[PDB]
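> One structure coming up, written as structure tokens, with questions to follow.
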Amino acid sequence: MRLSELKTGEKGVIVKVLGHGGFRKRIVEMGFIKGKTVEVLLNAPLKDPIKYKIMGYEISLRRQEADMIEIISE
């Protein structure tokens with residue numbers, strides 16, 4: 001499933017960052033690396049961005065960016 005599908009309080013593990021080269025390197029550089037848990041701190045309906053936590057850091061992504069990250073839910 002895509003990361004944007006997780007609701008507030010849910011967790012998953014990154015399996016793949018999709019998109020083109022520039023987008024991928026941008027997202028991976030924020031800390032979205034394979035095999036680490038991502039926790040949803042706030043996915044508020046219709047509001048942008050979504051607030052995540054991974055590698056111990058708070059990171060916000062636009063919903064359309066989180067649409068492009070494949071995860072497996074915990």
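FYI, nothing fancy with the structure tokens labels: chains A, B, ... in order, residues from 1 per chain, ligands from 1 as they appear.
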Show which residues sit within 9 Å of residue 32 (chain A), as an MDAnalysis selection string. Count only C-alpha atoms, and ignore same-chain residues fewer than 3 positions away.
chainID A and resid 14 17 27:29 36 38 54:55 69
> Would you put the residues from that selection into a file with C-alpha atoms, as a PDB file, in the first residue's frame?

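Listing of again.pdb after writing:
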ATOM      1  CA  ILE A  14       9.089   1.407   3.709  1.00  0.00           C
ATOM      2  CA  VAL A  17      10.207   5.004  -3.030  1.00  0.00           C
ATOM      3  CA  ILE A  27      12.519  11.819  -0.541  1.00  0.00           C
ATOM      4  CA  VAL A  28      15.271   9.361   0.389  1.00  0.00           C
ATOM      5  CA  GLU A  29      17.380  12.317   1.604  1.00  0.00           C
ATOM      6  CA  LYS A  36      12.653   1.544   8.745  1.00  0.00           C
ATOM      7  CA  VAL A  38       7.279   5.146   9.603  1.00  0.00           C
ATOM      8  CA  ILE A  54      10.899   7.979  11.082  1.00  0.00           C
ATOM      9  CA  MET A  55      14.469   7.465  12.298  1.00  0.00           C
ATOM     10  CA  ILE A  69       6.008   5.634  -1.282  1.00  0.00           C
TER      11      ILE A  69
END
> Quick one: residues within 9 Å of residue 5 (chain A), only C-alpha atoms, excluding same-chain residues fewer than 2 positions away - as number ranges by chain?
A: 1-3, 7, 66-67
> Mind dumping the selected residues with C-alpha atoms as a PDB file, in the first residue's frame?

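See part.pdb below for the written result:
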ATOM      1  CA  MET A   1       0.000   0.000   0.000  1.00  0.00           C
ATOM      2  CA  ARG A   2       1.088   3.619  -0.313  1.00  0.00           C
ATOM      3  CA  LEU A   3       2.200   5.616   2.719  1.00  0.00           C
ATOM      4  CA  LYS A   7      -4.221   6.737   9.248  1.00  0.00           C
ATOM      5  CA  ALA A  66       3.290  10.122   0.279  1.00  0.00           C
ATOM      6  CA  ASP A  67       1.164   8.579  -2.507  1.00  0.00           C
TER       7      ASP A  67
END
> Can you pull out the residues contacting residue 19 (chain A)? Cut-off 10 Å, using only C-alpha atoms, and skip same-chain residues under 3 positions away; I want them as a list in words.
residues 16, 22, 23, 24, 25, 27, 65, 67, 68 and 69 of chain A
> Produce a file of the selected residues containing N, CA and C atoms, as a PDB file, in the first residue's frame.

ATOM      1  N   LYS A  16       9.553   0.727  -0.856  1.00  0.00           N
ATOM      2  CA  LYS A  16      10.063   1.318  -2.114  1.00  0.00           C
ATOM      3  C   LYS A  16       9.593   2.761  -2.283  1.00  0.00           C
ATOM      4  N   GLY A  22      14.917  12.757  -9.550  1.00  0.00           N
ATOM      5  CA  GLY A  22      14.983  13.906  -8.658  1.00  0.00           C
ATOM      6  C   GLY A  22      14.064  13.779  -7.458  1.00  0.00           C
ATOM      7  N   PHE A  23      12.840  13.287  -7.676  1.00  0.00           N
ATOM      8  CA  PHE A  23      11.907  13.088  -6.572  1.00  0.00           C
ATOM      9  C   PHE A  23      12.423  12.032  -5.600  1.00  0.00           C
ATOM     10  N   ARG A  24      12.877  10.893  -6.130  1.00  0.00           N
ATOM     11  CA  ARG A  24      13.359   9.809  -5.277  1.00  0.00           C
ATOM     12  C   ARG A  24      14.512  10.276  -4.398  1.00  0.00           C
ATOM     13  N   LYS A  25      15.524  10.902  -4.997  1.00  0.00           N
ATOM     14  CA  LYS A  25      16.669  11.332  -4.202  1.00  0.00           C
ATOM     15  C   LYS A  25      16.268  12.376  -3.171  1.00  0.00           C
ATOM     16  N   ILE A  27      13.254  12.487  -1.611  1.00  0.00           N
ATOM     17  CA  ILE A  27      12.519  11.819  -0.541  1.00  0.00           C
ATOM     18  C   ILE A  27      13.454  10.962   0.302  1.00  0.00           C
ATOM     19  N   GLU A  65       3.031  13.338  -2.412  1.00  0.00           N
ATOM     20  CA  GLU A  65       4.354  12.741  -2.279  1.00  0.00           C
ATOM     21  C   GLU A  65       4.273  11.417  -1.533  1.00  0.00           C
ATOM     22  N   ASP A  67       1.769   9.502  -1.544  1.00  0.00           N
ATOM     23  CA  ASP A  67       1.164   8.579  -2.507  1.00  0.00           C
ATOM     24  C   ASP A  67       2.208   7.762  -3.259  1.00  0.00           C
ATOM     25  N   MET A  68       3.451   8.241  -3.330  1.00  0.00           N
ATOM     26  CA  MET A  68       4.482   7.646  -4.166  1.00  0.00           C
ATOM     27  C   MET A  68       5.480   6.817  -3.364  1.00  0.00           C
ATOM     28  N   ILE A  69       5.149   6.470  -2.125  1.00  0.00           N
ATOM     29  CA  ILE A  69       6.008   5.634  -1.282  1.00  0.00           C
ATOM     30  C   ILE A  69       5.249   4.347  -0.974  1.00  0.00           C
TER      31      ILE A  69
END
> Report, in Å with one decimal, the straight-line distance from CA of residue 47 (chain A) to CA of residue 34 (chain A).
26.3 Å
> Let me make sure I understand: among A:21, A:45, A:56, A:12, which one has the smallest atom-to-atom distance to residue 71 (chain A) if we use only C-alpha atoms?
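Going through A:21, A:45, A:56, A:12 one by one, the smallest distance to residue 71 (chain A) is for A:12.
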> Go ahead and compute the interatomic distance for CA of residue 57 (chain A) and CA of residue 39 (chain A), in Å to one decimal.
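The value is 10.3 Å.
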